[PDB]
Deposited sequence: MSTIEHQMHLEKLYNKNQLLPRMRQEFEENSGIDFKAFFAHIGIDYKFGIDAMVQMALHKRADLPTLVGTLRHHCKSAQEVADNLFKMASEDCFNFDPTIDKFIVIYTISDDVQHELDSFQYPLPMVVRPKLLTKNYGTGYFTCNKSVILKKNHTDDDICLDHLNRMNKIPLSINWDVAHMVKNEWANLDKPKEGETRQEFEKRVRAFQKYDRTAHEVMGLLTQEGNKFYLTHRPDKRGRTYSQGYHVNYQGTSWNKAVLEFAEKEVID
């Protein structure tokens, strides 16, 4: 039953991988026939879908940023920028020379954006994470990517014992704190720069859109769960997840506690 719930959570995560899920909105779910249209204007199908996706993500983007995400499609950086001119002139999106950015036209629905915001990042597990015995797999039952963060794979010893020890700490949500944050953090967050602060305000609003829904779904079979842990190439250890994580933001840390409570004395 929790085993089933865990399989449900991983199924949601696998269905909401950011880039593959966005592509669907421009392929099998668009009224627009981008296949036909990209053929018409002579732009490679996979390139065009990818450019549309990147613009629906970024909303606004300078030229070096946009060619960077797409560079692997062409043998030359120049070919990428040309393709981007061809698409901006055919109204796939706009380029405004006075601000030197591309501006999106076609964006994904709010309903799909809400699913991506809920499930594109790893969640805690509601069963004990799989014991790691090789440098592939991060604790879930359906992922087998390299355990090391970014493109830094080795099959040498990276102290799996540490990950296995952290992964089995049972955790839970303190709903008393979680409700205090939702009710009171926005009027408690006093200006801590002035562009960095207005940035931390947005980061909370995005979080507040989906955290309680995720926390409620997460703990459907009980208020007890486990974070998966990954090393970077140096051997710093990172717990994985956005909505529930004792690393990261102060409004995030506060809500987590040990599932095995103790009488202090």
>> So, counting the deposited sequence from position 1, which segments are absent from the coordinates?
In response: 1, 194-196
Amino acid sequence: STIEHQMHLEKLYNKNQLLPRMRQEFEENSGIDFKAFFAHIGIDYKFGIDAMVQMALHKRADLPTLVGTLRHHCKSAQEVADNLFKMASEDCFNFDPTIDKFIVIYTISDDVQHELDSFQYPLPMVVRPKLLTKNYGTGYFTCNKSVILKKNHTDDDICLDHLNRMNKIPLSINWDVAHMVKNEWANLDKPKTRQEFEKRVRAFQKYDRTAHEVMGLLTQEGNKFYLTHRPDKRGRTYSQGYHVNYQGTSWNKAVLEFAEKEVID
From here on, numbers count along this sequence of modelled residues.
> Per the entry, where is the mean C-alpha temperature factor higher: 23-31 or 215-223?
Replying inline: 23-31
> Hey, which bit's got the bigger mean C-alpha B factor in the entry, 146-154 or 178-186?
Replying inline: 178-186
>> Take the CA temperature factors straight from the PDB entry and tell me which of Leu132, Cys74, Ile169, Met125 peaks.
In response: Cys74
>> For the CA B factor values reported in this entry, which option in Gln54, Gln205, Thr228, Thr237 has the top one?
In response: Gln205
> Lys59: which third of its chain by C-alpha temperature factor?
Replying inline: highest
> Among the chain's modelled residues, which third holds the C-alpha B-factor of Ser118?
Replying inline: middle
>> Quick check on the deposited entry: does the C-alpha B-factor of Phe93 sit in the lowest, middle or highest third of its chain?
In response: middle
> Is the Cα B-factor recorded for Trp251 in the lowest, middle or highest third of its chain?
Replying inline: highest
> By the record's CA B-factor, is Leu160 among the lowest, middle or highest third of residues in the chain?
Replying inline: lowest
